[PDB]
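The structure under discussion appears below in the form of structure tokens.
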Amino acid sequence: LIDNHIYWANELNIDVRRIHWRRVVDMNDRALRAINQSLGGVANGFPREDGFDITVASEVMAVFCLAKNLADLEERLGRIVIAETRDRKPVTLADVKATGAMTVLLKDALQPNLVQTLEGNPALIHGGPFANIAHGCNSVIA
Amino acid sequence: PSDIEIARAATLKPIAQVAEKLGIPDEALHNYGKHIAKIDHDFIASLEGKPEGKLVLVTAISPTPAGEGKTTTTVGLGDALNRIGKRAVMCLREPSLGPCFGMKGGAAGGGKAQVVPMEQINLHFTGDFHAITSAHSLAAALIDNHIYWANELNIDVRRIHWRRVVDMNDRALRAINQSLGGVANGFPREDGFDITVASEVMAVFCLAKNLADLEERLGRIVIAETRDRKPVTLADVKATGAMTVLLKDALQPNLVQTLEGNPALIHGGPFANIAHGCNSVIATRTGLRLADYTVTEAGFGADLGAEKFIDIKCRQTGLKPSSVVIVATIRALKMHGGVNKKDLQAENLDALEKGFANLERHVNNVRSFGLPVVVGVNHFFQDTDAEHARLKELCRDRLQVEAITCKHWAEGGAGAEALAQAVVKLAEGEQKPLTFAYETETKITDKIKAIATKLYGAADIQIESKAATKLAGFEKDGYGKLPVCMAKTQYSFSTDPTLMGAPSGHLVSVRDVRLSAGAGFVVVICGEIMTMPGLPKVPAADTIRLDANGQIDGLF
Amino acid sequence: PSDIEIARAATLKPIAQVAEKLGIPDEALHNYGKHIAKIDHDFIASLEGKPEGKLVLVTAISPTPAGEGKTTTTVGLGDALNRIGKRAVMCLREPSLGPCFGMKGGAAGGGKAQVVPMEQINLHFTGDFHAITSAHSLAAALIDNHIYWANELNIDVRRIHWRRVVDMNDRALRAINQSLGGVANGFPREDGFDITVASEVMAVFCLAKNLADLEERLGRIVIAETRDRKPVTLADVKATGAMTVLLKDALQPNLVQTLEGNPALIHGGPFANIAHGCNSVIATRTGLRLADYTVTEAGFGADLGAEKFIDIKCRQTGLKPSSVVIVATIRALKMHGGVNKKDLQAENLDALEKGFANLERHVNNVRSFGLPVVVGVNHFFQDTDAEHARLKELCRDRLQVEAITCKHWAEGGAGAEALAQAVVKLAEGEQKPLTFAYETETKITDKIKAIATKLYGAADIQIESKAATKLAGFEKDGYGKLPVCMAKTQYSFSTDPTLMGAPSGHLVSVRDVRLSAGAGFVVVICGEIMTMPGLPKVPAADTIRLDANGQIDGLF
């Protein structure tokens with residue numbers, strides 16, 4: 001949605017040198033640390049530097065594990081600063097109208113997973129971010 | 001001996017002594033060593049009164065692996081005209097420096113028909129190509145500089161037509177990503193390099209009348225498009241003035257000489273596919289106002305070089321050539337007759353008649369322009385007497401045209417006297433109106449079809465969508481009345497390089513079009529065009545050295 | 001008036017007349033118009049074994065925003081030397097083209113102490129910067145080409161040290177992706193461009209004794225590593241010969257004149273932070289054998305330019321300065337006293353005395369090499385009769401040094417006769433042997449620590465991990481007994497551009513090192529370095545132009 005925003009008119013005046021939001025995939029992939037993207041001329045959009053982290057590095061994962069409910073999750077995501085404009089003003093996920101769509105993508109996921117130990121006692125497995133660039137705990141909801 | 005050994009053995013006149021034989025005082029020359037000078041702006045401005053002599057154009061047949069020696073005839077013809085009591089000057093192009101280092105360099109001509117110093121023409125002659133590389137690099141720098149500092153014109157980084165340049169055979173710079181490494185460095189974008197002679201700046205150089213016109217043209221160049229798809233000019237990024245200053249000295253034409261002491265101008269060096277492939281308009285104009293005859297050539301054969309020399313150069317300038325020589329070799333015609341280059345020794349008059357088809361079209365194409373024609377045959381020892389005789393028979397019976405054997409590659413002036421006698425005759429005889437290939441107020445697509453169906457033998461043309469949209473854009477933005485610069489293979493009147501001779505009923509597909517508003521023509525892409533050649537597996541460079549005495553080996 | 005008005009108003013001697021003053025005949029001269037000639041290679045060779053004259057080093061105090069007029073002292077000094085009868089030649093560096101279109105160009109010197117002509121010196125001159133670019137640009141081509149066709153050397157695209165060059169302030173090219181566009185274009189790499197000036201070709205050109213030495217030096221340049229970390233040189237890619245061939249004409253020094261018709265050599269223009277900051281060795285060597293007195297300068301103050309000029313140039317070449325002139329202005333010393341740019345007009349009592357400590361460490365520093373010094377104070381019409389009188393006292397008492405007032409800017413040669421008499425008296429007096437800062441056979445670390453403690457006023461040096469590692473690399477591989485080239489701010493003896501005067505205690509943190517094996521020095525990086533500068537928002541380019549009558553505006 002961010003690059004798509006930039007591609008149609010850049011209405012928010014986003015500076016592609018100042019995007020803080022990167023991409024994710026859940027794979028140990030060193031090839032994607034540092035990319036150039038949006039290549040191949042006009043219809044592919046505005047070339048910019050970019051890179052990938054592993055899914056757990058994602059702030060989305062931090063916000064998932066600290067959400068009380070679906071309402072809280074949408075506000076938290078709303079506030080994420082994803083870039084700066086050329087006049088150096090902050091741009092969020094709400095500015096790019098990404099918050100509601102991301103929430104329905106996460107709706108079923110925000111229900112905790114019940115499983116059991118070898119002795120049949122209840123166990124909740126939910127979420128798992130980094131303990132260096134995030135707080136390294138399971139979900140509040142859980 | 002090799003062309004280079006022939007050049008090295010020559011005893012050059014000091015250029016002041018060359019300059020006199022045109023009326024150029026020493027006060028008017030800026031020496032580059034003792035045997036090169038530029039002719040000062042003020043002396044050339046001084047010539048706007050003087051009448052113009054005869055202009056002779058030297059085109060050729062569709063090229064062959066075998067060679068035809070176009071350039072060699074230009075210099076021999078010029079030498080020969082001098083010999084037979086006519087005061088004559090040669091106009092030629094500077095070659096790119098960069099290809100010297102892939103494949104070898106080459107003489108300005110060949111054998112005993114050469115323009116010298118050879119070594120200096122090949123490398124940094126007077127620094128013309130450097131000045132163009134510097135002019136072009138500044139408008140590159142100033143474009144990404146405008147975008148770095150708030151991008152005021154709203155340049156769309158995906159719509160920038162302007163590329164960069166260098167006079168090296170560097171395939172690495174064909175397609176780059178640039179303004180990488182962060183904020184301080186700027187807005188990432190796609191870009192690439194062409195070889196310096198492919199620069200529109202080079203086209204404008206060669207078509208400019210003076211420094212006023214160079215700036216007016218440079219400022220018409222469309223460098224990019226805004227997001228809302230409005231045009232952007234070198235004038236918008238305030239580039240013209242600075243570029244004109246880096247070309248002030250460049251724009252003076254270079255006076256130099258043949259092996260026989262005669263005056264020769266070398267100035268400009270553009271492509272003949274994506275540009276008109278002629279030398280600077282200043283050069284030929286300077287020749288016409290100082291000599292009885294001026295001999296110039298056009299890149300490639302008369303399907304590409306001559307058409308452009310008439311429909312682009314002659315049309316913009318008012319110039320009208322006296323007469324046209326079309327160069328042929330027996331070997332070249334036989335290759336267009338199906339003979340593979342190894343089998344060229346054996347007499348084959350059958351193959352000679354077949355490939356006459358190629359020559360027959362060029363003569364008939366050039367005549368269509370209301371221009372007198374003689375055929376220069378550049379001799380070769382393996383050529384039988386009956387092969388030369390059947391070409392003369394064929395030229396007289398079918399085209400009613402004279403086929404003059406020239407041996408100037410071996411005998412110098414002398415070998416081209418018969419040809420000089422015959423050019424002078426065409427010039428002195430009946431002068432008809434200079435017609436063109438299209439009317440200027442036809443649709444571009446009709447200018448394209450008129451060149452394809454009248455000169456190439458083609459059934460029709462096809463415009464793919466990419467180009468159809470742009471031609472529709474070009475015609476709406478008021479570039480409709482512009483000439484047409486057909487960018488295609490030289491090896492065939494068709495777009496298939498392998499179809500030799502004179503193929504009829506082929507299809508010319510336009511893949512794409514570019515706009516050169518500087519030069520004032522529309523580039524029409526009909527194949528894959530090289531604008532940056534690569535180096536071979538073993539570049540000439542690996543063996544280019546100074547010996548003990550500091551001579552240059554491996555360059556020729 | 002303006003430097004360019006003074007420059008233009010002059011009537012210049014035909015260059016062969018300026019030549020005559022050094023015994024050079026017109027046979028040995030490769031003209032670039034009337035007012036410039038190159039000295040012929042065969043003529044320079046015939047001067048081997050002919051005996052050297054006196055060699056005068058002009059250096060300055062620590063650069064300020066006020067300006068010092070180093071290059072005005074040099075042209076002054078050389079003209080004055082000729083006025084008082086010593087036969088003298090000035091050697092200087094040709095300025096880079098690219099900066100002319102960012103900020104303006106400058107006079108080579110200034111006021112009545114100019115070398116001319118001023119336009120050509122600031123622009124293409126004799127195409128030397130062009131030749132170096134071309135040579136640098138072939139080396140890059142050959143490297144990529146070698147990878148393309150098989151990569152027999154096993155070059156690692158992540159470990160190529162060699163970058164490309166253009167003579168333009170082009171920020172867009174500092175960081176590049178190249179060899180994009182598919183199979184035929186080769187193997188995608190990360191790449192960048194420096195300005196032509198930053199090339200090791202440049203530093204090699206300015207240090208080579210003849211074409212044989214040039215070729216040997218190019219070929220020792222390390223351009224990449226293999227995947228298994230083996231170093232790969234320009235010899236391994238068979239570039240050296242063709243680089244040399246392209247650099248042949250260029251290695252001949254360019255003969256120019258002063259506004260007084262006295263001979264001036266301009267050749268070379270390397271950086272003074274990541275290189276040795278000096279004009280070509282060929283130039284100053286030719287000067288010495290044609291002249292009694294030979295005046296040459298080095299960039300920035302004597303903490304850098306002078307230091308490098310002695311520990312790199314003299315050390316590699318065998319040269320010893322007969323005497324040293326340290327240039328100083330009241331306005332600069334006052335600025336070192338704490339006085340901001342804005343408040344320099346009024347007499348300042350103490351500013352001069354606390355700022356003098358900057359000059360106090362320069363004189364002591366030069367002497368530490370065994371060289372006679374004289375302080376040239378370049379006058380300004382703001383300078384009071386007490387300020388100039390004060391500076392002489394401090395020089396008399398604190399040092400044992402003469403401070404001579406120089407009015408060569410306004411008056412011409414006559415205003416530096418006094419400075420000339422003193423340079424004579426020192427050159428033909430006691431001539432102690434030349435010391436160096438560090439011994440050769442020592443750890444590169446001890447050579448840095450040496451420079452910083454003995455000259456910079458520093459307490460110690462830090463070596464970061466990045467640098468420490470690479471040094472250990474240079475030390476095992478055999479590059480341990482190499483000179484050092486301190487890349488660092490020029491405004492301070494410390495690494496901190498703000499600490500003016502003569503600061504002690506400071507630490508010299510070495511963040512990175514670089515190997516120049518061809519120039520044969522280790523570049524030592526402390527400050528942040530910029531090998532590709534960037535145009536301003538309103539660059540000088542925008543108002544550079546020609547008049548009605550074709551004069552250049554906007555460039556000065």
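Please note that chains go A, B, ... in the order of the structure tokens, that every chain numbers its residues from 1, and that ligands are numbered from 1 in the order shown.
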
What residues in chain B lie within 6 Å of chain A, counting only C-alpha atoms, written as a VMD selection string?
-> chain B and resid 158 183 188 to 189

Got a sec: who's within 12 Å of residue 139 of chain A, counting only C-alpha atoms, leaving out chain neighbours fewer than 5 positions off, as a PyMOL selection string?
-> chain A and resi 61-69+73+109-113+124-129

Generate the output file for the selected residues, C-alpha atoms, as an mmCIF file, in the first residue's frame.
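Once written, part.cif looks like this:
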```cif
data_model
loop_
_atom_site.group_PDB
_atom_site.id
_atom_site.type_symbol
_atom_site.label_atom_id
_atom_site.label_comp_id
_atom_site.auth_asym_id
_atom_site.auth_seq_id
_atom_site.Cartn_x
_atom_site.Cartn_y
_atom_site.Cartn_z
ATOM 1 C CA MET A 61 4.246 -8.788 15.756
ATOM 2 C CA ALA A 62 5.114 -6.434 18.701
ATOM 3 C CA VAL A 63 1.609 -4.829 18.448
ATOM 4 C CA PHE A 64 -0.077 -8.309 18.176
ATOM 5 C CA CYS A 65 1.538 -9.466 21.485
ATOM 6 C CA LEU A 66 0.584 -6.206 23.350
ATOM 7 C CA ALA A 67 -2.997 -5.853 21.971
ATOM 8 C CA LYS A 68 -5.825 -6.373 24.559
ATOM 9 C CA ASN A 69 -8.391 -7.068 21.763
ATOM 10 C CA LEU A 73 -4.657 -3.744 17.725
ATOM 11 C CA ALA A 109 -4.842 -15.078 14.417
ATOM 12 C CA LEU A 110 -5.493 -12.923 17.607
ATOM 13 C CA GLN A 111 -7.403 -15.883 19.183
ATOM 14 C CA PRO A 112 -4.842 -17.766 21.327
ATOM 15 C CA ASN A 113 -3.857 -21.397 20.498
ATOM 16 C CA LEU A 124 -1.355 -21.412 25.405
ATOM 17 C CA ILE A 125 1.099 -20.727 22.530
ATOM 18 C CA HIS A 126 0.509 -17.208 21.080
ATOM 19 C CA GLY A 127 2.937 -14.755 19.356
ATOM 20 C CA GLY A 128 6.722 -14.454 19.627
ATOM 21 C CA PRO A 129 8.722 -11.316 18.851
#
```

Report as a PyMOL selection string the set of chain B residues whose atoms approach chain C to within 6 Å, with distances computed over only C-alpha atoms.
-> chain B and resi 30-33+141+170-173+175-181+185+238+241-242+537+541-542+544-545

Please return as a PyMOL selection string: the residues of segment 63-142 of chain A that backbone DSSP assigns to strand (DSSP E or B).
-> chain A and resi 81-85+90-92+113-116+122-125

Produce a file of the selected residues containing N, CA, C and O atoms, as a short mmCIF file (atom, residue, chain, number, x, y, z; two decimals), in the first residue's frame.
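New file selection34.cif:
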```cif
data_model
loop_
_atom_site.label_atom_id
_atom_site.label_comp_id
_atom_site.auth_asym_id
_atom_site.auth_seq_id
_atom_site.Cartn_x
_atom_site.Cartn_y
_atom_site.Cartn_z
N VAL A 81 4.82 4.76 12.82
CA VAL A 81 5.43 5.79 11.95
C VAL A 81 6.21 5.03 10.89
O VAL A 81 7.15 4.30 11.26
N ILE A 82 5.81 5.14 9.63
CA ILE A 82 6.30 4.23 8.55
C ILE A 82 7.23 4.98 7.60
O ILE A 82 7.80 4.33 6.73
N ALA A 83 7.36 6.29 7.72
CA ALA A 83 8.17 7.10 6.79
C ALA A 83 8.16 8.56 7.25
O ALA A 83 7.48 8.88 8.24
N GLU A 84 8.93 9.38 6.54
CA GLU A 84 8.91 10.85 6.65
C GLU A 84 8.64 11.44 5.25
O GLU A 84 9.08 10.84 4.24
N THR A 85 7.94 12.57 5.22
CA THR A 85 7.72 13.41 4.02
C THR A 85 9.00 14.17 3.73
O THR A 85 9.87 14.14 4.60
N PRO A 90 6.16 13.25 10.05
CA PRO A 90 5.89 11.81 10.17
C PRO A 90 4.68 11.29 9.39
O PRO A 90 3.68 11.96 9.38
N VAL A 91 4.81 10.10 8.79
CA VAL A 91 3.73 9.38 8.04
C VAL A 91 3.48 8.04 8.74
O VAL A 91 4.46 7.33 9.03
N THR A 92 2.19 7.73 8.98
CA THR A 92 1.75 6.54 9.75
C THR A 92 1.04 5.55 8.82
O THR A 92 0.85 5.88 7.62
N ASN A 113 -3.89 -19.96 20.83
CA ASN A 113 -3.86 -21.40 20.50
C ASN A 113 -3.74 -22.21 21.79
O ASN A 113 -2.71 -22.07 22.46
N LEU A 114 -4.75 -23.01 22.10
CA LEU A 114 -4.68 -24.05 23.15
C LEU A 114 -3.97 -25.28 22.59
O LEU A 114 -4.29 -25.67 21.47
N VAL A 115 -3.05 -25.84 23.37
CA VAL A 115 -2.37 -27.15 23.17
C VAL A 115 -2.14 -27.71 24.58
O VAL A 115 -2.79 -27.19 25.51
N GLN A 116 -1.27 -28.73 24.72
CA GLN A 116 -1.08 -29.47 26.01
C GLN A 116 0.36 -29.98 26.11
O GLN A 116 1.00 -30.25 25.06
N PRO A 122 -3.13 -27.76 30.41
CA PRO A 122 -3.42 -26.77 29.38
C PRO A 122 -2.17 -25.94 29.07
O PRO A 122 -1.46 -25.60 29.99
N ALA A 123 -1.95 -25.57 27.81
CA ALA A 123 -0.86 -24.65 27.42
C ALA A 123 -1.34 -23.71 26.31
O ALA A 123 -2.05 -24.17 25.38
N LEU A 124 -1.01 -22.43 26.42
CA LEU A 124 -1.36 -21.41 25.40
C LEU A 124 -0.04 -21.07 24.71
O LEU A 124 0.88 -20.67 25.40
N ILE A 125 0.02 -21.26 23.40
CA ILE A 125 1.10 -20.73 22.53
C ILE A 125 0.49 -19.61 21.68
O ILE A 125 -0.34 -19.93 20.82
#
```

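Taking atom CA of residue 272 of chain C and atom CA of residue 444 of chain C as endpoints, the distance between them is 19.6 Å.
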
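Compared by their closest atoms to residue 48 of chain B, and using only C-alpha atoms, the residues B:334, B:276, B:289, B:87 rank with B:289 nearest.
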
Pick from B:4, B:58, B:250, B:91: nearest to residue 119 of chain B, with only C-alpha atoms counted?
-> B:4

In Å, rounded to a single decimal, give me how far atom CA of residue 286 of chain C is from atom CA of residue 209 of chain C.
-> 10.2 Å

Would you list the contacts of residue 412 of chain B as an mmCIF file with N, CA, C and O atoms, in the first residue's frame, taking every protein, DNA or RNA residue within 8 Å and counting only C-alpha atoms, but skipping same-chain residues closer than 4 positions in sequence?
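What landed in selection.cif:
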```
data_model
loop_
_atom_site.group_PDB
_atom_site.id
_atom_site.type_symbol
_atom_site.label_atom_id
_atom_site.label_comp_id
_atom_site.auth_asym_id
_atom_site.auth_seq_id
_atom_site.Cartn_x
_atom_site.Cartn_y
_atom_site.Cartn_z
ATOM 1 N N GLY B 76 41.068 10.211 -51.624
ATOM 2 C CA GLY B 76 41.589 10.034 -52.994
ATOM 3 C C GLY B 76 40.896 10.988 -53.963
ATOM 4 O O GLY B 76 41.576 11.640 -54.781
ATOM 5 N N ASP B 79 42.147 14.430 -53.172
ATOM 6 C CA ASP B 79 43.556 14.482 -53.643
ATOM 7 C C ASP B 79 43.543 14.717 -55.162
ATOM 8 O O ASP B 79 44.216 15.653 -55.633
ATOM 9 N N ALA B 80 42.776 13.904 -55.888
ATOM 10 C CA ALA B 80 42.684 13.860 -57.369
ATOM 11 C C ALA B 80 42.164 15.189 -57.919
ATOM 12 O O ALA B 80 42.613 15.625 -58.988
ATOM 13 N N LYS B 112 47.406 5.036 -49.556
ATOM 14 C CA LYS B 112 48.027 6.305 -50.032
ATOM 15 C C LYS B 112 46.963 7.405 -50.119
ATOM 16 O O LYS B 112 47.245 8.471 -50.678
ATOM 17 N N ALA B 113 45.773 7.141 -49.590
ATOM 18 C CA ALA B 113 44.649 8.094 -49.446
ATOM 19 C C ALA B 113 44.304 8.197 -47.961
ATOM 20 O O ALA B 113 43.500 7.393 -47.440
ATOM 21 N N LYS B 407 42.156 3.419 -58.221
ATOM 22 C CA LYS B 407 43.309 2.705 -57.608
ATOM 23 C C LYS B 407 44.063 3.709 -56.750
ATOM 24 O O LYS B 407 45.265 3.714 -56.816
ATOM 25 N N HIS B 408 43.351 4.564 -56.031
ATOM 26 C CA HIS B 408 43.947 5.630 -55.191
ATOM 27 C C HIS B 408 44.493 5.023 -53.897
ATOM 28 O O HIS B 408 45.460 5.600 -53.394
ATOM 29 N N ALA B 416 42.533 8.189 -58.742
ATOM 30 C CA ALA B 416 41.201 8.819 -58.647
ATOM 31 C C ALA B 416 41.030 9.983 -59.639
ATOM 32 O O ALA B 416 40.024 10.712 -59.495
#
```
